[PDB]
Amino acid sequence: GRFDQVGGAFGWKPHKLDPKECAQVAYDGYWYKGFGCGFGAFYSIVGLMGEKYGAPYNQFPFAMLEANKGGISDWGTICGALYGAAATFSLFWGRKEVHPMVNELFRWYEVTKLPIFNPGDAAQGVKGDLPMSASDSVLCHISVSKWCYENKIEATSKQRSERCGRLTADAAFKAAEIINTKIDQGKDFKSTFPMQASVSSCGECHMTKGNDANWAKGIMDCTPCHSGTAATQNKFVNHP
């Protein structure tokens, strides 16, 4: 009936992946027809399962993930690579089970200095080395803008598009490892990245049912936006 689907909800069969292969295809996918972060990462997971094991994986409308490029048509929201990777988890597991998987993928992203991946000369943007940094944000605007600012590189530069291309690979690689670990540990799976400090402490009031201050939703690290930093001071007045 209505709301149901071919194969049932979360009824696809997961298959272990080769993280190295994934990082690679994700990076390549990123440049393909200029589809981007979401497409490359998504494809490196479900796309590779399709090439090796056929249906249902190979029946997916892959380019739909172009939607996530630039945090969804340049709105700079969720980093496309992150969505593309986490979305695949929902093809196999449901809400309760996917939560710790995305928590690990997302918390890892906030703290790890990236990119790590290097295509060598398979580089389609700029060959070379790129500065690494921890974004402390799963949001594209924050991740990209901070890095460009800090490194005096333009968000239009071939470098930042090379950077996002490599990040797609790192996220693909990490997501792949998480999928593998999930297949192994079954319903025992646990995130290896503990809850963020700010999330836990602020959460005491803002994310605890019954609390008079329990208004907030979202477990992104609170630090970037709620720290009174120069960046978050009023830029609409006296801002050269």
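For every residue, the number given is its place in the sequence shown, counted from 1.
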* **Residue range whose averaged C-alpha B-factor is higher in the record, 204-212 or 32-40** => 204-212
* **Segment of higher mean CA temperature factor, 114-122 or 72-80** => 114-122
* Structure fact -> Of the three thirds of Cα B-factor ranks in this chain, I183 occupies the highest
* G94's Cα B-factor: lowest, middle or highest third of the chain? -> lowest
* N238: which third of its chain by C-alpha temperature factor? -> highest
* Asked: Of the three thirds of its chain by CA temperature factor, lowest, middle or highest, which one includes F173?
  -> lowest
* To do: Looking at the entry's B-factor column for C-alpha atoms only, identify whether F189 ranks in the lowest, middle or highest third of its chain.
  => highest
